[PDB]
Amino acid sequence: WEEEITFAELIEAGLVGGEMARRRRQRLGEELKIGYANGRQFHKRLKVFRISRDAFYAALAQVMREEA
């Protein structure tokens, strides 16, 4: 069992916002193989596909590393 990844958590992760956030969701969607989604759909897909916190944050760190 894991605590669900909430919409607030997606905001704090930088995945809800303007164009920078949209591009992050597209890159994270490719890495997690869930496709592009808006924030609301992205949140739902993480739950439907049972994406683990560890996998989500590993992919997020990789996406953020490429930004630097």
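Throughout, residue positions are numbered sequentially from 1 according to the sequence presented.
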| request: State whether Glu31 and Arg27 are salt-bridged, where the test is any N-O pair (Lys NZ or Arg NE/NH1/NH2 against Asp/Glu carboxylate O) under 4.0 Å. | output: yes
One should read off an interatomic distance between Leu46 CG and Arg53 CZ, to the nearest 0.5 angstrom, of 10.0 Å
Nearest heavy-atom approach of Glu9 to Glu4 is OE1-O, 3.9 Å
Subject >> Check: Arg40 main-chain N/O paired with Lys44 side-chain donor or acceptor under 3.5 Å >> reply: yes
Student check: side-chain heavy atoms of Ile5 and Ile51 closer than 4.5 Å: no
Between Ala59 and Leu28, the two heavy atoms sitting closest are CB-CD1, 3.4 Å
How about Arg22 and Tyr36: do any of their side-chain heavy atoms sit closer than 4.5 Å? yes
All heavy atoms of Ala37 vs all of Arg25, minimum pair found to be O-NE, 2.8 Å
Next on the checklist: Taking atom CD as the centre, does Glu67 end up with more than 12 heavy-atom neighbours from other residues, nucleotides or ligands that are less than 6.0 angstrom away?
Outcome noted: yes
Rounded to the nearest 0.5 angstrom, the CG-CZ distance for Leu32 and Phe42 is 5.5 Å
Heavy-atom closest pair (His43 atom, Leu10 atom, distance to 0.1 Å) is CB-CD1, 3.6 Å
In short, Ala21 meets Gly14 closest at the heavy-atom pair CB-O, 3.4 Å
(message) Do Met20 and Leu15 land in one hydrophobic cluster if side-chain heavy atoms of ILVMFWY residues count as linked below 4.5 Å?
(response) no
- Going by heavy atoms in the side chains, are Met64 and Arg24 under 4.5 Å from each other? yes
